[PDB]
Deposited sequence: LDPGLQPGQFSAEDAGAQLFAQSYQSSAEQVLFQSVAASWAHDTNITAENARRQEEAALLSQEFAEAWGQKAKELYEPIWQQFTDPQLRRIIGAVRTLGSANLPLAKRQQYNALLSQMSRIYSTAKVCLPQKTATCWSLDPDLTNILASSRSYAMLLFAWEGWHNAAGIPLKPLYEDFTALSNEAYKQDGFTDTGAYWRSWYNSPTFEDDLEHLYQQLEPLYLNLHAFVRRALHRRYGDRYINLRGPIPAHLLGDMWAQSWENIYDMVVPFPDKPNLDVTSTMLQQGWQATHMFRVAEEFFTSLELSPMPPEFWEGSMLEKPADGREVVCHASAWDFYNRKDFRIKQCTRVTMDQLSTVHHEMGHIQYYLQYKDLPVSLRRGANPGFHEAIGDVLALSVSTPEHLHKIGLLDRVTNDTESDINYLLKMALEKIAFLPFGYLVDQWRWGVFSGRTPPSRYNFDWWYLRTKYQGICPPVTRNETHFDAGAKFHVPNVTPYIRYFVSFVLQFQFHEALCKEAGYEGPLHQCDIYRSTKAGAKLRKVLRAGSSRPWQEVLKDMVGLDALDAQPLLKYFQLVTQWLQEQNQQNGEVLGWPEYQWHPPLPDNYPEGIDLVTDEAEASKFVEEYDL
């Protein structure tokens, strides 16, 4: 480690800690910067040489983290939590958790290579037929969204899960062991315990479970209604009205968001078409327009535009020069207070317009907290960070807002139109809840050792069936590693943040709508051009992780905890309607034929 980046001496106390943090701050931006830059260079241009560079950057960050980490424990370990500066306790607390820097050098290098190899396998996996092969984004994504051929959907789903998952398994095993080894030396029972610790809530798992109990009935009713809609198309051979839904028929590779099957489930087809995808295509929207339209929503609230550096640096379309890139949409803080970028393989659809807003929310958080100490440039918790963009997208998706921006010609305010909208939103927001909840239940079990490698897939499918009421459309065994075919697993990104976000965003939406002086039904609120709403959101964004999330939440919404009531209020009309409709249709809620799997198509896969 360069002498300029090494820690000096400091008194064994608060006053020494404060100069220690400022000295860290000075060195850390360079170290954070070089790490992020090397990761950017790799993820926008996946090559062996860019991986080597990213690994060397990662070693340097570990060197840095070890030096500054061990210094913190030399001086403070027996006394550190009693500092009177709460921001400084947070800075120190982060600094003294070494993580992968606890590993001896040989194991660090092993750990870094595993992350690099897992990333490459996920983002370069292909399904081949012929010499021609399909990538996840856009080819397989488009098949899952637009094919209504059972066999074609099956080919794409099976191909992807087999291509990505199978080779990932042995690496994921080794990564899990090393990660646990690392975090155990910080005093955590396992890596999952460290990940949950970010919410600073001793009742976190019980609180999540209590939220899910309130939300599950909404999901079961949506599920049953959608299952009926699918049965009407695919027939009795491939849909069991008392069984789990085949996991490939819901519009999405992970069955995590169901908005692509909206045309099959829309209650009142004769009302205005609320999926504006076909209008975006007819009007010739491109990625550029989508990012500018999203930006202009943020500036309408008197939040910040995207700086020149964002526009010059960002990757907003998949490269047409054939390069391998990480297509999974992401938002980048380079930790130099100037460079902020999005990397998205943007496609021209309504849900991608929502995703643009999501990623731009991350960026806005970065812009607003850029002058805080680098350890406090985080969301109040990770769920806050995931919620910001989704909150704006809630306003954007309203038929009134879509009309304002030229995407929906007809205006209507009737009960049928409200049901259509709320159903469309339920396919996006309610359908996700079980998946948002289950992914880290799986991963927490892997980290704790409750789920060894011998049960990776068995336990994944247990949770997929238990929560989502889906089944794999072909047989799986423990050679398959279906968890690994979801980005966040091989890319080691925690998932419970998204469950938290999906509840939180309705709390935020309710609070901002009220601050805006809106007095109508919550699901028709649009905060566009509300400078008052913008000011309230800005307070949250400027806090970063400087204060406990419970206090930030309380200032924003009047409550110091996650609460499902705003979400339930938003959806109330369609919750009631789906319940009535399922009862009238004689549906079974749930999937009591839990063992059921669909048969193979007659000629699969030669067709």
- Task: Compare the deposited sequence with the modelled residues and state the ranges that are missing C-alpha positions.
- Result: 130-132, 611-629
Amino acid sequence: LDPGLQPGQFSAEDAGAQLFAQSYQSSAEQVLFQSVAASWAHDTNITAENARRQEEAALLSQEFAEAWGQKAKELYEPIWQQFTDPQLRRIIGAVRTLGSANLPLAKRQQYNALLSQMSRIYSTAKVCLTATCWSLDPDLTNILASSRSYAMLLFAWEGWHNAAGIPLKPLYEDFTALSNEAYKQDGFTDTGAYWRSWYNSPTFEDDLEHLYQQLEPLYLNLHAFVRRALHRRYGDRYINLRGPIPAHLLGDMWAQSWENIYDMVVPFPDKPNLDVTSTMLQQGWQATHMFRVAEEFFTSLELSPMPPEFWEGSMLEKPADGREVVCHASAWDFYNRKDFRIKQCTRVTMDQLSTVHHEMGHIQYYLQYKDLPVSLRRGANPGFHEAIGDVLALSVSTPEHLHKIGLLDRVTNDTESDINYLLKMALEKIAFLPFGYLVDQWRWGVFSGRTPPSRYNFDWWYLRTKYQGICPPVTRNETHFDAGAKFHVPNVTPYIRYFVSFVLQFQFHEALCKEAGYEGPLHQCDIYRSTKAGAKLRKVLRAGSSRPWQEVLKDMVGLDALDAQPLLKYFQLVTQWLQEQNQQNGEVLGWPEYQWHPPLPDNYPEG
From here on, numbers count along this sequence of modelled residues.
- 455-463 or 81-89, whichever carries the higher mean Cα B-factor: 81-89
- Query: Going by the B-factors listed in the PDB entry, is the mean over the C-alpha atoms higher for 489-497 or for 99-107?
  - Reply: 99-107
- From 394, 274, 522, 303, residue of greatest CA B-factor: 274
- Using the entry's values, work out which of 449, 159, 379, 322 has the largest Cα B factor. 322
- Chain-relative C-alpha B factor for residue 174 (record values, thirds): the lowest
- Against its chain's modelled residues, does residue 199's Cα B factor rank lowest, middle or highest third? middle
- Assigned third (lowest, middle, highest) for the C-alpha B factor of residue 146: highest
- Query: Going by what the PDB entry lists, where does residue 205 fall on CA B-factor within its chain: lowest, middle or highest third?
  - Reply: middle
- Task: Determine, from the deposited record, the chain-internal third of the Cα B-factor for residue 570: lowest, middle or highest.
- Result: lowest
